[PDB]
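Inspection log for the structure reproduced underneath, given as structure tokens.
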Amino acid sequence: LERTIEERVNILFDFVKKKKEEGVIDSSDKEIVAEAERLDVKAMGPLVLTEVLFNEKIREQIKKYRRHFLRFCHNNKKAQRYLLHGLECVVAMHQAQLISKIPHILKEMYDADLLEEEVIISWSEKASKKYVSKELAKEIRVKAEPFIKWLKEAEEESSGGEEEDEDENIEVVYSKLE
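Quick look at the structure:
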């Protein structure tokens, strides 16, 4: 049998973790993209990168690893949504440190071309996709509000978008929770 979405994401986690451990991750961005493509989990690339690369120093790490993320996120709104779920997960691990920083981290990701305006707005309006507690998901989105307002400029109208997510989200949740 073909491997499941969960299994394939799991293999990508292992691959990326091993690149980091071996000391070559900084020069392995293309190798990681290729492995994600081989495994047909390209859009999940950013979620794996966040888990492996980001901690409480996420703001420095966004600069350092911009190229790794950009290769996935560029012209790929699905990959961008997975980056946002990745961010949810990093905040969950480092809440005291990171919760207050959400709008500034979002701005840094936006400025690095890793997230498009419409993806961020959409994500802000939608329920938790189950990566983190509903309560934390809510709090993250409240903290996002000042940046969302900055994005829209000086006025607040709401967007409304539909997502395109072929693979199941819940499978990726299981892989992440592992």
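In terms of the deposited numbering, the sequence shown has 275 at position 44, counting the first letter as 1, and numbering is strictly consecutive.
All C-beta atoms in this analysis are idealised placements derived from N, C-alpha and C, irrespective of residue type, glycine included.
ask   = So which of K308, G254, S389 has the shortest CA-CA distance to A274?
value = Nearest of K308, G254, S389 to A274, Cα basis: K308.
ask   = If you pair each beta-carbon of the segment 342-354 with each one of the segment 374-383, do three or more pairs fall below 8 angstroms?
value = The segment 342-354 vs the segment 374-383: in contact.
task = Drop a sphere of 10 angstroms on the beta-carbon of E399, count the other beta-carbons inside from all chains shown, and report buried for 16 or more, exposed for fewer.
result = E399 is exposed by the Cβ-count criterion.
request  = Compare the C-alpha of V403 against each of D271, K261, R302, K249 and name the closest.
outcome  = When each option's Cα is compared against that of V403, the closest is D271.
Nonlocal neighbours in the same chain, by C-beta distance under 7 angstroms from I293, ignoring five residues either side = Around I293: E339, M340, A343.
query = So the alpha helix (DSSP H) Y362 belongs to, where does it begin and stop?
reply = Per DSSP, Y362 belongs to no alpha helix (DSSP H) and is neither H nor E.
key: Close Cβ partners of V322 (< 8 angstroms) along its chain, the five nearest in sequence each way excluded   = Counting only residues of its own chain and dropping the five nearest sequence neighbours on each side, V322 has a CB closer than 8 angstroms to the CB of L329, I330, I333, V363, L367, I371.
inquiry  = Within 10 Å of its beta-carbon, does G317 have 16 or more other beta-carbons around it, so buried, or fewer, so exposed?
reply    = That one is buried.
query = Do you know how far the Cα of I236 is from the Cα of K248?
reply = Annotation: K248 to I236 spans about 18 angstroms, alpha carbon to alpha carbon.
task = Could you tell me the distance, in whole angstroms, from the CA atom of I263 to the CA atom of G276?
result = Roughly 8 angstroms between the two C-alpha positions.
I336 beta carbon less than 9 angstroms from that of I401 = Taking 9 angstroms as the cut-off, the Cβ atoms of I401 and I336 do not count as close.
ask   = Does the beta-carbon distance from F300 to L280 come in below 9 angstroms?
value = Yes, the pair counts as a contact, with Cβ atoms nearer than the cut-off.
ask   = Which of helix, strand or coil does DSSP assign to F378?
value = Helix.
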